[PDB]
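Residue numbers (this note's numbering), protein chains in the order written: chain A, 637 to 706; chain B, 2 to 150. What follows is a set of notes on a single structure, which appears directly below.
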Amino acid sequence: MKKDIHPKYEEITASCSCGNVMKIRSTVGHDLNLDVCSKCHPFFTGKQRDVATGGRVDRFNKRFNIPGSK
Amino acid sequence: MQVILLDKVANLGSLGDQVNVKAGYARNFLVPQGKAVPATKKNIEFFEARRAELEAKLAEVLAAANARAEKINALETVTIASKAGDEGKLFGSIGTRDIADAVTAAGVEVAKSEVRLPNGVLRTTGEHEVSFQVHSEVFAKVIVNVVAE
RNA sequence: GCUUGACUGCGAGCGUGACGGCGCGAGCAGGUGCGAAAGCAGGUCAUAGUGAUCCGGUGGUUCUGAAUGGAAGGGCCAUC
RNA sequence: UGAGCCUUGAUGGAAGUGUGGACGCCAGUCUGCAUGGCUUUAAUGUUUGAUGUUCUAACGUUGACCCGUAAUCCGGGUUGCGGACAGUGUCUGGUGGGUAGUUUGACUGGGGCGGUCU
RNA sequence: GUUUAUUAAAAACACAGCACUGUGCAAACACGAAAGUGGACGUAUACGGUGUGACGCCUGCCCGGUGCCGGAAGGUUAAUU
RNA sequence: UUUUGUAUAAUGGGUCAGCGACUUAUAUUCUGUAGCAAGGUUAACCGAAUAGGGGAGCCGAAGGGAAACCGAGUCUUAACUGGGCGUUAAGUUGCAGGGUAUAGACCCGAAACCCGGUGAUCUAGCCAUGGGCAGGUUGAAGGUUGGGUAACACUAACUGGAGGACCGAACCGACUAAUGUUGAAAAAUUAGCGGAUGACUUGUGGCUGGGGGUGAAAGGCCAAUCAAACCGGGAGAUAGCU
RNA sequence: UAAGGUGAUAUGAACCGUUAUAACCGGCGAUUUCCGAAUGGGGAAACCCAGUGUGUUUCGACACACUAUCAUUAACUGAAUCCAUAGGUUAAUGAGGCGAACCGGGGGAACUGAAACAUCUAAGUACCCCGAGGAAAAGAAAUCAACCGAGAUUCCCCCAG
Ligand SMILES: [Mg+2]
Ligand SMILES: [Mg+2]
Ligand SMILES: [Mg+2]
Ligand SMILES: [Mg+2]
Ligand SMILES: [Mg+2]
Ligand SMILES: [Mg+2]
Ligand SMILES: [Mg+2]
Ligand SMILES: [Mg+2]
Ligand SMILES: [Mg+2]
Ligand SMILES: [Mg+2]
Ligand SMILES: [Mg+2]
Ligand SMILES: [Mg+2]
Ligand SMILES: [Mg+2]
Ligand SMILES: [Mg+2]
Ligand SMILES: [Mg+2]
Ligand SMILES: [Mg+2]
Ligand SMILES: [Mg+2]
Ligand SMILES: [Mg+2]
Ligand SMILES: [Mg+2]
Ligand SMILES: [Mg+2]
Ligand SMILES: [Mg+2]
Ligand SMILES: [Mg+2]
Ligand SMILES: [Mg+2]
């Protein structure tokens, strides 16, 4: 639902089988929290994968300079 | 797989590893409160200043301490008689003081902790050799002589 | 006894089917076998022993191949 | 405890008496240690896959305490217990009338049973 | 005692009792995409599910089939590399 | 009307009046007719708008072969023969009509499926808070006392007052028969009947929603509707049937 | 603008007007109870109850006026914990609800057809949810072409059933 840093997902899709299922699929990603900011100290964001790995090449700061600004 | 400890802690690295390090291990422990690391351009170069400024010594510091053998060699003969007497021996004690202190007979001063002579000097009056040993990197040469009075 | 006509490419003209299709077939071309030779042989005395299409598999061919040369893939022929 | 590189070994400081592991076509040699004057393969370094140990630091806590607060919620903090487990997301083998969508032929002296569909 | 309001009141449902089975509490199980709630402000003398249906005397043989419970050495076997 | 066949006692219509069913769009092909002719014709658009302009493009004058390719020929085959298909058939664009195609496609009609809302003022459960039960009967446990036991048990009376206890109005329910059956009544009336301090009965308000609820279980109940409620929508569902 | 005129079902009464502020029409205003986003709190909608300020006050009162919630910023206050934050107060802006269709987007059937039915169809249609405009959306090539070149998106006719 979140993965805040990055968008998210929760888009639907149909999970076909052998030929076809007109069913539906959805909810993905995950969560976690408690991220230590070099500054004061951690607010627990509920990012997920692709969100967690993002806080790496990036920052922790710029990775937050948005969930604030905008 | 890329960090910079600097503050080694049982890790296969000291002063910060510049080559493949552990990963995910620092995301929550090492980096937080422990030894921050980000071996990413920015932080990297910034460490060089913390080290390259330590090596400038071999170039600069060595120089501010190597002129020793050069600053003191042409020295005028050290004329510090060590109370030569006793039917052919001496009275003065030749050990550490007269060796080094033989320089401020005009002004300049040194440190008695730089002498280079394994055996104590036989209490003679001859050409007392004094191999000034300021630093391992640079050695110098001094002399000492005793006179009669 | 000798052999491989259970041949390859076509086919006058017919029979029989709503149709898909099925059957008969002299004669022609290339090469065969058997016979001294005329000649006979395009599987079994004849009539049952069978499965359309699609999707594909295998071999053959410069038919095609999305800028061009190839290639994949498609066609065509043979067959599962 | 496996395996990759490959690091040090056995095939392809000067005599004698001895101890150990090696295998046999077997009658034997191999090989460390005192006194005496490249591959077949083993160990250490390792890289990496396995089980199993313990730790805290992600993660859980429907334990306690402190604030927000004269809240049983929630959040922060301290502390305890659990701990790379649990649990979640993606993928994947089970199971799955719990639910869902359907199929379940015709001929026939009614239909059904039987029989037959070329 | 209950039931087909409006053709069936019964021998049917329920019942107390019995038995099997599950559940160590954030219980099993149920409602719910989740949070949360019920179970229960209970905690195995408790709660659930199944069958039998006071009480009396009892409740025999079969584990081949299916299901369930335990084992899991060996065979077969997914994603993955 | 439907049938082999109907005066048929097979179907439909009490009667009258008004309404009531082969349409429409574009595409394709024939026929008639008109224009032009190996040529016919424009589309959108422009526009001094039904003109005129615009020939993008569509069709035909060439066909054969799977195609490259060849071409009144061409495929077939090694074949130069034969055989298949072609070759001195005028087409094309409107207009009106016959048919077809895509559409609701002559008209009327299902039982149903799916989507979103409205419903627990009936009823089924449950929650909270209040109310009701004339009278008469039986008479358990406990106790007091006498007896009696070393002490109890045991017993006798008296007191006591239990119970999904008894009889029976209210109240609740519905076993039987008659009547009603275009009723007084879309389930009742009359005479009997069962329970009636209990798993009782009732007022008020609240909570469970449709594949969902509730259910001492009958597929019962969820507003005279229930093997999946009502309302609106997909919707002119589909109807080889009448 | 003007001789009439006081809306309609019915006059009638009592009247206003004829010159130029009587009507009547058009523009800008003033007023505009209660409910309704409803916003001071509650509420079975048009009702009930309060706090804090006010004027006239025969100086109890009447009514009036403000006081919802979020977001941005401002300043002031401010926990566990020095700090700092969390939180709190105030104030100025702003939002909130309606709305026919077209439009972007999130979620998404089934009847139906296939002369059965699962692939497939119906159709990304119905519907439900969010958002914005006067249009929205798209848009100046990591486009296409074929060795020639064209030159953002959009809409129309062709290519072609
Ligand atoms: Mg025969
Ligand atoms: Mg079923
Ligand atoms: Mg269906
Ligand atoms: Mg039949
Ligand atoms: Mg009874
Ligand atoms: Mg009944
Ligand atoms: Mg009855
Ligand atoms: Mg029974
Ligand atoms: Mg008849
Ligand atoms: Mg008749
Ligand atoms: Mg008429
Ligand atoms: Mg011919
Ligand atoms: Mg009774
Ligand atoms: Mg009767
Ligand atoms: Mg009666
Ligand atoms: Mg009674
Ligand atoms: Mg009620
Ligand atoms: Mg009903
Ligand atoms: Mg439809
Ligand atoms: Mg209809
Ligand atoms: Mg109000
Ligand atoms: Mg209000
Ligand atoms: Mg069908």
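Built from N, CA and C at the ideal position, the CB exists for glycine as well.
inquiry  = Run through chain A and tell me which residues come within less than 8 Å of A37 of chain B, C-beta to C-beta.
reply    = Reading the second sequence from its first residue, position 36 is the one you call residue 37 of chain B. Residues of chain A passing the Cβ test: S674.
task = Tell me whether the beta-carbon of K639 of chain A lies closer than 9 Å to the beta-carbon of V672 of chain A.
result = Along the first sequence, read from residue 1 onward, the residue named residue 639 of chain A stands at position 3. Along the first sequence, read from residue 1 onward, the residue named residue 672 of chain A stands at position 36. With respect to the 9 Å criterion, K639 of chain A and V672 of chain A are not classified as neighbours on the basis of their beta carbons.
message = Quick check: is the beta carbon of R685 of chain A nearer than 9 Å to any beta carbon in chain B?
response = For the purposes of this step, residue 685 of chain A is taken as residue 49 along the first sequence, with counting starting at 1. Answer no: the Cβ-Cβ gap between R685 of chain A and chain B never drops below 9 Å.
message = So, does the stretch 82 to 97 of chain B touch the stretch 123 to 134 of chain B, judging by three or more C-beta pairs under 8 Å?
response = With contact defined as three or more Cβ pairs closer than 8 Å, the stretch 82 to 97 of chain B and the stretch 123 to 134 of chain B are in contact.
message = Assuming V145 of chain B is part of the beta strand (DSSP E), what are its boundary residues?
response = Position 144 of the second sequence holds residue 145 of chain B. Its beta strand (DSSP E) spans residues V143 to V145.
task = Answer yes if the stretch 2 to 14 of chain B comes into contact with the stretch 33 to 48 of chain B, meaning at least three C-beta pairs across the two stretches below 8 Å, and no otherwise.
result = yes
inquiry  = If you reduce the DSSP assignment to three classes, tell me which class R661 of chain A lands in.
reply    = Here the question's residue 661 of chain A lines up with position 25 in the first sequence. It is a strand residue.
query = Curious, which full-length beta strand (DSSP E) runs of at least 3 residues does the stretch 49 to 125 of chain B contain?
reply = none
ask   = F679 of chain A bridges to which residues according to DSSP?
value = If you number the first sequence from 1, residue 679 of chain A lands on position 43. Paired residue(s): A:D671.
query = Taking one C-beta from the stretch 40 to 49 of chain B and one from the stretch 74 to 84 of chain B each time, how about it: are there three or more such pairs within less than 8 Å?
reply = No, because fewer than three Cβ pairs between the stretch 40 to 49 of chain B and the stretch 74 to 84 of chain B fall closer than 8 Å, the two stretches do not touch.
message = Between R692 of chain A and chain B, is the shortest Cβ-Cβ distance under 9 Å, so that the two count as touching?
response = As a position in the first sequence, residue 692 of chain A is number 56, starting the count at 1. Answer yes: the Cβ-Cβ gap between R692 of chain A and chain B drops below 9 Å somewhere.
ask   = Is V147 of chain B near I81 of chain B, with beta carbons less than 9 Å apart?
value = Within the second sequence, residue 147 of chain B is the residue found at index 146, counting from 1. Within the second sequence, residue 81 of chain B is the residue found at index 80, counting from 1. Cβ distance < 9 Å, so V147 of chain B and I81 of chain B count as in contact.
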